[PDB]
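Input: a single structure, listed below in structure tokens.
Position 1 is the first residue of the sequence; numbering continues from there. Just so you know, ligand 1 is whichever comes first in the structure, and atom 1 is the first atom listed for that ligand. These values consider heavy atoms only, across backbone and side chains, with no hydrogens, waters or symmetry-generated copies.
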Amino acid sequence: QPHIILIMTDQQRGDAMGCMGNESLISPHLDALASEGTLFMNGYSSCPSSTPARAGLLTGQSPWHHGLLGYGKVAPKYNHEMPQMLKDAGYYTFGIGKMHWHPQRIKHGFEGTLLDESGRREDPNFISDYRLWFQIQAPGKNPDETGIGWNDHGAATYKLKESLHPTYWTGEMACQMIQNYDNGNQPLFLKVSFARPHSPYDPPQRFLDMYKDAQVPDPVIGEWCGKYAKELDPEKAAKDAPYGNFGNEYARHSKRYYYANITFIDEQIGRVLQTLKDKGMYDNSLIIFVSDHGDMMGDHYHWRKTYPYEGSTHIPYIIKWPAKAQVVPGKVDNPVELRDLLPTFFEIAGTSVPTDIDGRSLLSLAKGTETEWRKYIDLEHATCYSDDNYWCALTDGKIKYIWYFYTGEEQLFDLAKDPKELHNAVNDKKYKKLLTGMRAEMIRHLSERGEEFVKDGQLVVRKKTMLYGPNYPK
Ligand SMILES: CC(=O)N[C@@H]1[C@@H](O)[C@H](O)[C@@H](COS(=O)(=O)O)O[C@H]1O
């Protein structure tokens with residue numbers, strides 16, 4: 001069976017790779033990986049915050065089926081779990097970096113994890129393996145010396161050496177494990193999960209310098225986003241503001257520091273891919289690159305995540321297939337989601353997909369032999385940051401329909417003609433047929449949830465937030 005190398009980052013935008021048509025972003029290692037595999041052009045996170053997206057990843061299930069509908073705790077045990085499935089298939093299973101699991105040191109079938117959980121301390125007496133390692137390298141030093149908060153919109157260069165940075169530690173420990181892999185006939189399942197480019201925007205100077213002459217794209221500003229248009233002083237606003245117009249210059253400054261941290265990650269991913277080649281493991285590895293969700297980075301005067309817009313839900317999505325499986329490198333436009341990785345792994349490991357998994361293997365689609373694929377992927381997020389930010393959406397990456405549970409507002413974006421989502425087309429006479437169709441799809445989607453979500457074939461305005469659905473493990 002092929003090695004499975006699941007590489008991922010936290011809070012990386014789908015548009016933030018060179019191979020996604022971004023001219024100012026330096027990702028030569030990811031661009032090369034994508035050149036040798038399938039670049040999914042419409043990869044989505046269904047629930048754009050760390051823990052529900054990671055539950056979707058872990059279980060191959062929709063938010064309604066794994067039961068976490070927004071920013072909460074991943075359940076300690078699910079019926080189907082990515083690492084346990086592969087262990088049960090005879091894989092040696094290990095995870096390095098961010099799991100964001102509950103408890104933090106739960107394994108879900110991994111033989112071990114080596115954790116960077118950033119500043120989160122949840123288990124009694126918890127210190128991340130990264131932070132214990134840091135004290136060995138630099139005893140009495142402060143891994144947060146740079147002084148930028150975990151949720152900040154501001155930026156600064158890393159105030160420690162590059163070799164103490166969590167991105168270096170993550171790539172370095174993954175490189176050593178691959179370098180030392182000599183486990184007879186047992187295939188490796190390695191998860192490599194970067195905390196970055198989630199805030200802080202704290203790139204080393206060396207990586208910021210790679211952007212000295214770069215012009216990074218402006219934030220995109222829709223006609224509908226008036227509610228957050230007032231120009232504010234970033235030095236006076238909350239350092240972790242989820243909303244704010246700090247001007248285009250401020251947004252481009254933070255975006256440059258964001259892009260520098262992606263280029264740092266991309267260099268570590270380069271080391272991991274070279275180690276695999278050096279060990280002769282690359283060509284019979286399934287290699288995945290994804291993120292759990294995007295970063296709005298000033299788009300529509302939004303910061304952070306948990307919104308339906310492209311900057312929040314559109315994710316990087318690359319598969320380099322085993323050379324044996326005979327996939328021609330290409331692009332797939334169909335809407336794919338984090339839930340589709342576990343069933344792909346089942347097929348590649350040669351285990352039958354259970355019927356209670358929502359994702360669908362991606363191998364046929366990549367081979368252009370798929371006869372049944374979803375029309376639309378469902379997206380949602382439970383109330384986060386503000387009472388109004390509570391929603392469910394459907395998209396194929398050509399149209400997106402958004403239902404705001406708390407306000408009863410609808411939005412409709414023609415992604416084909418309006419990829420930046422500048423124009424809410426919900427009151428456009430030209431879009432009445434498409435809108436009628438998408439409202440019917442949202443009712444079909446939400447009906448299983450019962451009378452608090454759909455009553456007598458109508459969408460229900462909710463006054464209460466459901467964070468944990470009835471399908472959340474008991
Ligand atoms: C939805 C959202 O914005 N979630 C963020 C996470 O992305 C972040 O990882 C965490 C850090 O917590 S901390 O270690 O206490 O700073 O703070 C939460 O608010």
Side-chain angles (χ1 to χ4, degrees), residues 8-13 16 45-57 63 68-74 97-105 115-131 134 142-156 165-167 170 193-202 228 237-244 254 258 261 265 290-309 311-313 315 338 379-391 406 465-468:
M8 69 182 300
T9 64
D10 194 284
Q11 197 152 307
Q12 186 174 346
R13 295 166 67 101
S45 175
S46 287
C47 196
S49 73
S50 176
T51 51
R54 282 169 192 284
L57 177 75
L68 183 50
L69 308 181
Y71 190 64
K73 294 170 193 281
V74 183
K98 173 181 183 173
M99 305 291 114
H100 209 154
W101 284 347
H102 175 66
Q104 287 176 293
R105 287 206 186 272
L115 300 175
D116 176 20
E117 296 298 329
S118 294
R120 299 181 295 280
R121 296 188 292 120
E122 299 175 4
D123 297 1
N125 305 121
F126 181 88
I127 306 177
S128 79
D129 304 291
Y130 167 62
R131 283 173 183 242
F134 181 99
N142 183 357
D144 309 318
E145 193 53 36
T146 304
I148 301 295
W150 288 109
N151 290 313
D152 289 2
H153 48 74
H165 196 282
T167 295
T170 304
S193 176
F194 295 86
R196 295 305 186 281
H198 187 294
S199 32
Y201 312 132
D202 66 345
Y228 309 115
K239 293 181 190 323
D240 55 1
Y243 307 113
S254 289
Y258 179 76
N261 257 340
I265 293 159
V290 295
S291 194
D292 55 348
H293 57 79
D295 191 319
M296 287 295 285
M297 195 60 57
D299 281 355
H300 313 292
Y301 309 128
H302 287 59
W303 301 85
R304 307 177 65 174
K305 10 83 149 82
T306 83
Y307 320 117
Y309 311 110
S312 169
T313 53
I315 51 158
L338 289 177
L379 313 172
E380 74 187 283
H381 210 281
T383 306
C384 197
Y385 307 147
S386 55
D387 289 323
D388 62 331
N389 178 34
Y390 187 19
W391 57 269
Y406 187 79
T465 303
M466 185 183 284
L467 179 58
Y468 297 99

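Remark: atom 4 (N) of ligand 1 lies closer than 4.0 Å to at least one protein heavy atom.
In summary, the side chains of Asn389 and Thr306 do present a donor paired with an acceptor at a separation below 3.5 Å, with no hydrogens or angles considered. Between the side chains of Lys98 and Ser50, at least one donor N or O sits under 3.5 Å from an acceptor N or O.
Note: an N/O pair closer than 3.5 Å links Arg304 and ligand 1 by distance alone. Considering backbone and side-chain N/O of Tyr385, one or more are found under 3.5 Å from N/O of ligand 1.
Shown in contact with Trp150 at under 4.0 Å from a heavy atom are these atoms of ligand 1, numbered in order with element: 16 (O). Of all atoms in ligand 1, numbered sequentially from 1 with element shown, those under 4.0 Å from a heavy atom of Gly119 are 14 (O). Close approach of ligand 1 to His198 (heavy-atom distance below 4.0 Å) involves ligand atoms 6 (C), 7 (O), 8 (C), 9 (O).
Among pairs with a residue in residues 292-301, those fulfilling salt bridge (charged side-chain N to carboxylate O under 4.0 Å, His left out) read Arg13-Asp299, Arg54-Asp292, at least two apart in sequence or across chains.
By the 4.0 Å heavy-atom criterion, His100 is excluded from the residues contacting ligand 1.
The shortest contact between atom 9 (O) of ligand 1 and any protein heavy atom is with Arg120 NH1, 3.2 Å.
Atom-to-atom distance recorded for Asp202:CG and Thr146:OG1 is 5.5 Å, nearest 0.5 angstrom. With values rounded to the nearest 0.5 angstrom, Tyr390 atom OH is found 6.5 Å from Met466 atom CE. In this structure, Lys73 NZ and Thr51 OG1 are separated by 9.5 Å, a value rounded to the nearest 0.5 Å.
With atom 19 (O) of ligand 1 as the reference point, the heavy atom nearest to it among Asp240, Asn151, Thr306, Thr51 is part of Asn151.
Residue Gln11 does not touch ligand 1, judged by heavy-atom distances below 4.0 Å.
Residues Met296 and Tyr307 share a closest heavy-atom pair of CG-CD1, 3.4 Å.
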